[PDB]
Each structure stands twice: as C-alpha cells, then as structure tokens.
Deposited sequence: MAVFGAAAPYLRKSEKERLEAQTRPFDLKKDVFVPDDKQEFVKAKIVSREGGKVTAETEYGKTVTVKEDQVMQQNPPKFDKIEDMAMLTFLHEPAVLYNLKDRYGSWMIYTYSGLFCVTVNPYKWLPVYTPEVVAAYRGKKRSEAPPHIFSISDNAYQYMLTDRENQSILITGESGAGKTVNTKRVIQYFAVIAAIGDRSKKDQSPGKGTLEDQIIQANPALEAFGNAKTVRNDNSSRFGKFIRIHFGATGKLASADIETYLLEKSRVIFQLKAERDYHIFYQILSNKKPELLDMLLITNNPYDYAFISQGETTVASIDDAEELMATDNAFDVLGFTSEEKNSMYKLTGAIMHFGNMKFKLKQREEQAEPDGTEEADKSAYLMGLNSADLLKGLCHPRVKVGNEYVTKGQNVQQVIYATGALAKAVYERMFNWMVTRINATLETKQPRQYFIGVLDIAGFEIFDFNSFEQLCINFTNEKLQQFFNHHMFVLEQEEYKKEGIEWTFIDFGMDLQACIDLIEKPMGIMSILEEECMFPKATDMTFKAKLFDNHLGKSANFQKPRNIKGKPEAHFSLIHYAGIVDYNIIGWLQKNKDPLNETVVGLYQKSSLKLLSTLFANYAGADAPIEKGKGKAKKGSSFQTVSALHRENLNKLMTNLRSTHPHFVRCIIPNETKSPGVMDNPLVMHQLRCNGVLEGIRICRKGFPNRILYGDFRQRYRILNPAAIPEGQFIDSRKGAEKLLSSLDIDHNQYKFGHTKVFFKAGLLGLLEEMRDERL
C-alpha cells in the first residue's frame, strides 16, 4: 500500500481502516431505503410495519409515513464503500447515490461501475495527480488496482498494442464540471507513457467558435469536439488529430428566451477593440442586430473583453496571419449584418423586393461582392432546366429562409476551415499509426421547454447510449463465453432502438417534419395532428404530454432512456428549413476575399442530388450522426462519466437531485439496469467458502451440499466453474444466515 506514494489514502483506504469501519450496527429489516420529500431517499429507521402504516425516523427528526410499495433495502455494511457498483449486493437507484455520497465525503473520487469510470471532481488539490502515481502505476492491472482514469488510459493503450486497433475514450459530463482538465490530465498521462501545450493553446479558439450560454451552463459546448491521438508502430507519441461533429447551426439565427448566441459575437461587441467596430460598422448597441437580440443580450458569464483578448493572442500565436484574423472578424460582422435586411412584396404581384439598401451595401462591401448583384441573387435565383437557365420567383418568407440558411452555411464553413487550419498547425510529419480518440459531446439535456435542438441532442445521445449498450452486451457475452456458461442470448440494444425508430425511420418524427416543411400551407397544428394521427397508440413510446405544476406547455411526449421528455412544437417548421441559394453561393465563389475558399464549391448516371429547397437541418443532422457512428463503431470504446457534486463551489456538501439528474441523463442507471437482468453479483468459490463455510462446516460437491442445505432455488443461482453466480436476494439471505450463525 506504499506503492501509491502520498496519494494512497485518497486513492484507496487501508484494509485495516476498512475492517475498523466494518464494525457497525445495521438492521436489515427496518433501516431500508425510504422515499423523501426534500430529497428522493433519506437514511431513516422504521419503528414497525403496521399494515399500511410505517414511521421513518430520519436524522433530521422527521417521522413521515411512506407506503409499503415504495420501500427497498439498504446496502449492507459489509458491502458498502464498494469500488465496483456492479458488485453491489442490492442494485437500487438511490443506493448508488448514497454509495458515491459517502465515497466523496470520505474523499474517494474515482469509482468503478462495471464498464464505466465515474469521476466526481474534487474542488481542492490532491496528491493523486502527482507524477509518482503516474509512473508507479506502470505494471499494475485493471482488475485489482483501485479506480482511476489512469487505469483505463493504460488499459486502452495496451488494448491498442495487443489488438492492433484504435480505442475511444468517451468523456461524458457538463462543460464547467471538469471535462477540460480531465482531458488535460489524460493527455498528460499519454505523453508520460509516450503536443498537449499546443492543444490547450489552440483551445480558446474552439471555446469561442463553438460555445454558447445555455440555462444549465454559461460555457456550454455545442459542437462535438473529438481529439484523435495517433501513435507509431512502436506505440510512441506520433501526432494528434481533431475533428468536429454535429455543430448546431440553428443557434446562429434563432435563440431561445433564456439563452444567448455563440460567444464570439459578444466578444466582438466588447468595445475593448474599437478598431474592429469602426472597421466593421458595428454600433456598440447589441439590441441593434436582429440575429442576436432575440437571445439573452448580456450575462455575468465571463470577462468577455478579456476572452476576446485571449482569443486574439491565441490567434497571433497560431500559424495564421493577422489578415486572416481580420477576415474572420469581418466575416462574422457580415453574418451579423445579414439579419437587418428588409424585404417587401411588390406592387401587384407576389415578388419580394428590397426597400432598405444600406445594410445591403455595407454587407456587400464587407463580403467582397456587389450590392445590386447580391440583391438580385437573393430576389431572383436562377435554376438550371436541362440546357437553359430560368429565373425562379421568391416571396418574403422564402428570401428570409434563404438568408438564414446562407448565414448558417457561411458560419459553419468558416468554422470547419478554422479547424482544418488548427490541425495543420498541429500537424507533425511523424508517421501516424493507430490512434486513441477522446470525444466531447453535449449531454442528454432536459428542461421544461425542450425544443427542436434538444430533440436533436437527445437523438444523438440515444444513438450513443444504444451503442454503449450493445458494446456492453458483447462484453457480457465475452465474459460468458470465457466462463463457459452461456445463457440469455437476447441483445441489449433493440430495447432502445425501438425509441430511435421514432425519430429517424420513415413516417417518424423527422420524416414527418421534413414532409411538413415541404408541403404547401403547413402549420404547427397540422404538424401536431399528423404526428398524432400517425403515431398515437400505434407506437409504443410516443404518447400524450403531461401538465404538471403549471408547466409552460407541451404538445407531445417521448420516452427515452433518461426519462419521459415533453417536447414543444412551436417554431419547428420555420426553424428546420435550410434552402441554400445557389446563385449567391456562386457569388461567394467569385468573391475577392478568403470567402471563395470556404465556399469553394457547394450546392445523371444515378444522382442523389437533393435540391436546394429540399434541405432540412434534421436531414443534414441525421447524415452527420450516421457518419460519426461509422467513425466510432470501428474502435473499441471506453467511457468516462463526470458528475458535479453540487452547484456551489463548496465541496463536501452535495445536492441529491443534481446527482440523480446526472445519473439518469448519463445512463449509469441504465448500465446497472442492463446488469440487473442477469447475475450481477459474481464471486469465485474460494472466498465463497472462506466466508460461508461456517454455515455448514466440513469443490463442487461441498458447495452443492451447502447450497442444498441453504434452501437456495435452482434458477436463483448459476453454477460456474470458477465463479458461481448469485443475485441480490441470494446475497441478502446468505448474509442473514451468516448473521444468525454468529
């Protein structure tokens, strides 16, 4: 226990202290888990089971009665503080909550939970991050060493080196709960076992261009960052790669009532650089610009001026010139100038014509196009019919949708190209063999006014959770085919895929939405009517909404792995349209700027060319999710779960509702639930004997004699050849008969 340097206590408590804590009275009958009001479940004692009446005496002095249908045992003391939640004798929801609660009070951060690695961030410095434990872990195994991310990092490394394949680290948590520094210590450990400074140096750029204020967080990430750490043949550090996925475009145009756009517009709106404002014609007033003013104007998030400076510094120290930063800033200002355009219908026709031309002129002067030419390209697109061009007509709604789609497109284009430039700066010529990627993605966010974007996020997280579930299924089949005990041949993925089929499949929600924004006079009520007519009752997970405590509104409710979510319809048709304007895209290709590179080229024998008008954010998102799954499904994955203990920066004290929220939205509970259908308590025969032989004191014959003389049913235990498998009730009964034996 000295091999763990000075961090040994925090990493794992001594066996002596373990045994000194084992001695503690606990009544298995009347100290069971009990539902609560202020929290979900609190530690209490019951006086008696008086019919339908019980009385819970908690620590707070309360004596509430709870119904006999909502009570469940508490974890025994001889199995509290367990490192692996999967090995718990009784797998309940608040059971694991209190397990991690006592583990963080006792200041043990990392905890194994089967195929996961859960990490609640400590708020003060610990010796657990000293290089001594890093170097001294080399040579110890996963099955025995106490939980820590260095363990799974080394396991991924050696898995890569033995199987000659890539691995994937899926760090899962909220921005501002320690994800950045967790990945930082990951990359440090990887460098140790053999460019992190460059990663952190270029990070403020992505933090600017892909983070925006939501309600649950003021520095939430919207894009799916994912760093590929390549290696060589000798498993030595070769180079690092990075890719961006699923960057939400709707933010650039529409913002909710309680949230802001991306940080960059506000950082530019910081007057600390007056040269940017007077070169971009940006008036100081943020209410002036319509694309942004609909969201939260300003919040006490960060020092935005200083962040502007930090980003400019990171830019100047990155490979690209000052002119290029200048073009980036001016392009963002042009996107900002798009919103104030004004169009009117014509005299006695249905055609759109511009009345205000000043912002048009200035946006053209910025973009490097002609103002009259851009106005003509917006009001009168030209389309190709065989071997001739004919002009298409537009009204105000159509030209506005086109403007919004153009802005979203140019922003996303500049973003992807900026990431390419970042990767080019990082690029080293060393040969790059198999990599181990680390993935940063949005969370299964729930609110009271969920919308289209939250539906997209939850759909992504559904694909991820189903992927992990199938992964763990194959892992359990591997355990079984090793143990020579093979049963229960049903997979664990379809039970979740049934919910996916309600989003992606034809006549699913996304297909109905696409059809509805294609139909002539569709409205939100018609969208709702079609959803109901085509799914209500005929499906399994789609169902009515619920109105609780006077919530704002809900039009329908889906059920996911992370609970029942009620979604709102209003605005989906208008926000899903993505009609890109081909004539203006050609204008961009013919610009006098860097813009011509971003829009280099974008829109017989079998052509899947969907039109410019038949474009939907949902469809582009489904395609991107498909290709992200195709990139992940080729690598053996690993999962990291990050939980905030409390919203306050004060350590020690926690918030049980926030813990439950993280557990549900993260899927640790779903993992333990997939376990709860088999035999989760899995122990060998030797320690089984050494702990339960005094019941019938005297390896299959003696074990079987004891089992038959312990009144255990056949289906309750599964007889293995190295370990014999038992369930929660079996562990409880064996515990009780040991206790009476003593």
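- Annotation: deposited residues 195-210, 620-628, 724-732 are not represented by C-alpha coordinates in the model.
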